[PDB]
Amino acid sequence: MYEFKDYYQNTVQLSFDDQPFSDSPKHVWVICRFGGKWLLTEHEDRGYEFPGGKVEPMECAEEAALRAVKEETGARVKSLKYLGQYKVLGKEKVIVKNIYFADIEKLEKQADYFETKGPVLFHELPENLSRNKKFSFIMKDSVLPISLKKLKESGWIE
(Lines of atoms letter the chains of each structure in order from A and count residues from 1; the text may use other names and numbers.)
(Lines give C-alpha, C1' and ligand atoms only; values in the text may rest on other atoms or scores of the structure.)
Protein backbone atom coordinates (compact mmCIF):
# COMPACT_ATOMS: atom_id res chain seq x y z
CA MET A 1 0.00 0.00 0.00
CA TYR A 2 1.35 3.43 -1.10
CA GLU A 3 0.38 6.87 0.28
CA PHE A 4 1.65 10.08 -1.38
CA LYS A 5 0.47 13.35 -3.03
CA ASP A 6 -0.83 13.97 -6.59
CA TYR A 7 -0.09 16.95 -8.94
CA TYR A 8 -2.70 19.14 -7.13
CA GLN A 9 -1.35 18.07 -3.65
CA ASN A 10 -4.32 15.73 -2.91
CA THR A 11 -3.63 12.55 -0.86
CA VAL A 12 -3.45 9.38 -3.03
CA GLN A 13 -3.76 5.84 -1.58
CA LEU A 14 -2.44 3.22 -4.05
CA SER A 15 -2.64 -0.60 -3.77
CA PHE A 16 -2.09 -3.59 -6.10
CA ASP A 17 -4.49 -5.87 -4.15
CA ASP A 18 -7.97 -6.87 -5.47
CA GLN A 19 -10.15 -3.70 -4.91
CA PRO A 20 -9.19 -2.83 -1.25
CA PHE A 21 -10.66 0.72 -1.12
CA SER A 22 -14.04 0.02 -2.84
CA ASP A 23 -15.82 -2.91 -4.53
CA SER A 24 -17.78 -0.30 -6.57
CA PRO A 25 -15.13 2.09 -8.11
CA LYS A 26 -16.69 4.99 -10.09
CA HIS A 27 -13.66 5.51 -12.41
CA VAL A 28 -11.15 3.44 -14.46
CA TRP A 29 -7.61 4.00 -15.84
CA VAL A 30 -6.22 1.75 -18.60
CA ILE A 31 -2.44 1.40 -19.24
CA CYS A 32 -2.37 0.33 -22.92
CA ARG A 33 0.34 -1.52 -24.86
CA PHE A 34 0.09 -2.09 -28.65
CA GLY A 35 2.94 -4.51 -29.43
CA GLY A 36 6.12 -2.85 -28.17
CA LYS A 37 4.61 0.68 -28.03
CA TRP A 38 2.50 2.52 -25.40
CA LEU A 39 -1.02 3.46 -26.53
CA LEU A 40 -2.14 6.83 -25.13
CA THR A 41 -4.86 9.43 -25.84
CA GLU A 42 -4.69 13.24 -26.17
CA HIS A 43 -7.34 14.86 -23.91
CA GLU A 44 -8.50 18.25 -25.37
CA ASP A 45 -7.85 20.02 -22.00
CA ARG A 46 -5.32 17.85 -20.06
CA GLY A 47 -3.10 16.50 -22.88
CA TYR A 48 -1.29 13.14 -23.28
CA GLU A 49 -2.59 10.41 -20.92
CA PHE A 50 -3.43 6.68 -20.86
CA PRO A 51 -7.17 5.97 -21.65
CA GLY A 52 -9.69 6.30 -18.81
CA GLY A 53 -13.30 7.05 -17.91
CA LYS A 54 -16.28 7.03 -15.52
CA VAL A 55 -18.26 3.79 -14.84
CA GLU A 56 -21.59 4.51 -16.63
CA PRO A 57 -25.05 3.04 -15.57
CA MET A 58 -25.36 -0.81 -15.66
CA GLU A 59 -21.60 -1.17 -16.40
CA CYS A 60 -18.95 -2.94 -14.32
CA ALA A 61 -15.35 -1.56 -14.08
CA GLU A 62 -14.04 -4.00 -16.78
CA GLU A 63 -16.75 -2.95 -19.33
CA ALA A 64 -16.04 0.76 -18.55
CA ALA A 65 -12.29 0.09 -19.21
CA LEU A 66 -13.00 -1.56 -22.63
CA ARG A 67 -15.39 1.32 -23.55
CA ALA A 68 -12.89 4.07 -22.44
CA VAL A 69 -10.18 2.48 -24.69
CA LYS A 70 -12.62 2.41 -27.69
CA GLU A 71 -14.08 5.93 -27.03
CA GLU A 72 -10.60 7.53 -26.66
CA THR A 73 -8.25 5.47 -28.94
CA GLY A 74 -10.67 3.49 -31.18
CA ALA A 75 -8.80 0.33 -30.11
CA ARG A 76 -9.88 -3.28 -29.40
CA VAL A 77 -8.41 -5.08 -26.35
CA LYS A 78 -6.92 -8.61 -26.77
CA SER A 79 -6.46 -9.12 -22.98
CA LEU A 80 -7.67 -6.83 -20.14
CA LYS A 81 -5.93 -7.51 -16.79
CA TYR A 82 -6.60 -5.90 -13.38
CA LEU A 83 -3.41 -4.19 -12.11
CA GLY A 84 -4.50 -2.27 -9.00
CA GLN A 85 -6.68 0.41 -7.41
CA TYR A 86 -6.20 3.96 -6.10
CA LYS A 87 -8.17 6.42 -3.93
CA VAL A 88 -7.81 10.22 -4.36
CA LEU A 89 -8.73 12.27 -1.26
CA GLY A 90 -9.70 15.76 -2.48
CA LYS A 91 -11.94 18.71 -1.46
CA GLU A 92 -15.43 17.89 -2.88
CA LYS A 93 -15.41 14.03 -2.94
CA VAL A 94 -13.11 10.96 -2.75
CA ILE A 95 -12.62 9.13 -6.07
CA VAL A 96 -11.76 5.41 -6.33
CA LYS A 97 -10.04 4.49 -9.65
CA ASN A 98 -9.36 0.94 -10.87
CA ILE A 99 -6.05 0.46 -12.77
CA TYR A 100 -6.17 -1.95 -15.73
CA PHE A 101 -3.58 -3.19 -18.21
CA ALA A 102 -4.78 -3.69 -21.79
CA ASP A 103 -2.89 -5.67 -24.44
CA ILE A 104 -4.06 -3.97 -27.67
CA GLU A 105 -4.94 -6.29 -30.60
CA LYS A 106 -5.93 -3.59 -33.16
CA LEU A 107 -6.72 0.15 -33.69
CA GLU A 108 -9.94 0.84 -35.66
CA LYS A 109 -11.26 4.06 -37.31
CA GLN A 110 -13.68 6.09 -35.13
CA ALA A 111 -16.21 8.77 -36.26
CA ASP A 112 -16.17 10.64 -32.90
CA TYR A 113 -13.28 10.53 -30.38
CA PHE A 114 -15.32 12.42 -27.79
CA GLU A 115 -13.32 14.80 -25.70
CA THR A 116 -10.11 13.45 -27.06
CA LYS A 117 -7.97 14.08 -30.16
CA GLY A 118 -7.66 10.31 -30.84
CA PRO A 119 -4.96 7.64 -30.37
CA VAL A 120 -1.31 8.58 -29.70
CA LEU A 121 1.53 6.00 -29.96
CA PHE A 122 4.81 6.29 -27.97
CA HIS A 123 7.75 3.84 -28.48
CA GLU A 124 8.74 4.69 -24.85
CA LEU A 125 7.39 7.34 -22.40
CA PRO A 126 9.62 10.49 -22.01
CA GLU A 127 11.82 10.92 -18.87
CA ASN A 128 10.53 14.44 -17.93
CA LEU A 129 6.76 13.56 -17.51
CA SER A 130 6.31 15.95 -14.50
CA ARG A 131 7.92 18.86 -16.47
CA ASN A 132 6.39 17.97 -19.91
CA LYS A 133 3.64 20.60 -20.54
CA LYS A 134 2.11 18.48 -23.38
CA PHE A 135 1.21 15.68 -20.86
CA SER A 136 -1.78 15.38 -18.46
CA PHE A 137 -1.48 15.89 -14.65
CA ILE A 138 -2.70 12.30 -14.09
CA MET A 139 0.59 11.13 -15.59
CA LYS A 140 2.52 13.57 -13.37
CA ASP A 141 2.50 11.80 -10.00
CA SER A 142 3.81 8.51 -8.64
CA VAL A 143 0.76 6.44 -9.68
CA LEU A 144 2.32 5.97 -13.16
CA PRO A 145 6.01 4.95 -12.31
CA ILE A 146 4.82 2.57 -9.52
CA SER A 147 2.14 0.95 -11.80
CA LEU A 148 4.65 0.60 -14.71
CA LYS A 149 7.19 -1.13 -12.36
CA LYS A 150 4.50 -3.60 -11.13
CA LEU A 151 3.51 -4.24 -14.80
CA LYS A 152 7.23 -4.91 -15.59
CA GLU A 153 7.46 -7.29 -12.55
CA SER A 154 4.16 -9.12 -13.40
CA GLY A 155 5.59 -10.44 -16.70
CA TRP A 156 2.61 -9.30 -18.83
CA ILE A 157 4.67 -6.93 -21.07
CA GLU A 158 6.75 -9.03 -23.58
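Don't overthink the numbering: it's just position in the shown sequence, from 1.
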Comparing 4-12 with 147-155, the higher average Cα temperature factor in the PDB entry belongs to 147-155
Taking the deposited Cα B-factors and averaging over 115-123 and over 64-72, the higher mean is found in 115-123
Note to self: of 107, 40, 96, 30, the C-alpha temperature factor tops out at 107
Temperature factor at the Cα of residue 87, chain-ranked in thirds, falls in the lowest
Temperature factor at the Cα of residue 56, chain-ranked in thirds, falls in the middle
The third of the chain into which the C-alpha temperature factor of residue 45 falls is the highest
